[PDB]
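Next up: a single chain in C-alpha cells, the form deposited in one PDB entry.
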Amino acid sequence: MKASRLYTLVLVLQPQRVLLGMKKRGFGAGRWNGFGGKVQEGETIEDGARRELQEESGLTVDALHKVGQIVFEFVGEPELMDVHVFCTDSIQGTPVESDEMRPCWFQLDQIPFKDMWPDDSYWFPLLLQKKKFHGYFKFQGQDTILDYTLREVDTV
C-alpha cells in the first residue's frame, strides 16, 4: 500500500484544437502538457483544477467536466500521483505565457505526442472520443513505461 497525493490536469479541448502548455521549469519540463498542479487543502478537486488552470494559463472558467483519473508511480518514489483529469466546458479569455507554462494551440491532427508525456499517447485519444477513463502508469524516469493499465469507464 502506497500513499497518494492529489493533482489536477485540465485539457482545454475545443472542436478542432487543444491548448497545451510547454513546461518551462520543474517536473516534466520541456514537454507539452495540460494545465494543473497539486490540490490544496479545503478546495474541491474541481475547484483546484480551475485554480491551477487560471494560475498556469491565465484562463478562467466557471465549470469543468471530469473525464478521467490517472495514477502515476515512479521508480524510487514511494508516493503515487493521483491525477484527476478535466476538460473545459467553455472559455472566455486568452492564454498567457508565464514562468511555468507557455501555452499554444494545436490542431487536432497535429497533437504533439512525441513531445508530451508518453502516457498521453494512450489516454488522450479517449479524451478525443469523449470516453471516460481510469489509468495507471509506472515510469522509470521520465521516458520509460514499465507497466500500465487503461480502462474505459462509465463514471470517473
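The first residue of the sequence shown is number 1, and the count goes up from there. In this text, rigid core is short for the largest set of C-alphas that superpose within 1.5 Å between two forms.
What comes next is about the form deposited in another entry, which is not displayed.
J.: Determine whether the C-alpha of residue 115 shifts by 2 Å or more between the shown form and the other one once the rigid core is superposed.
T.: Residue 115: C-alpha displaced by less than 2 Å between the shown form and the other one.
J.: Has the Cα of residue 105 moved 2 Å or more between the shown form and the other one, judged after a core fit?
T.: The answer is no; the displacement is under 2 Å.
J.: For a quick test of reading the superposition: does residue 25 move by 2 Å or more at the CA between the shown form and the other one, rigid core aligned?
T.: It does, since the residue 25 C-alpha is displaced 2 Å or more between the shown form and the other one after the core fit.
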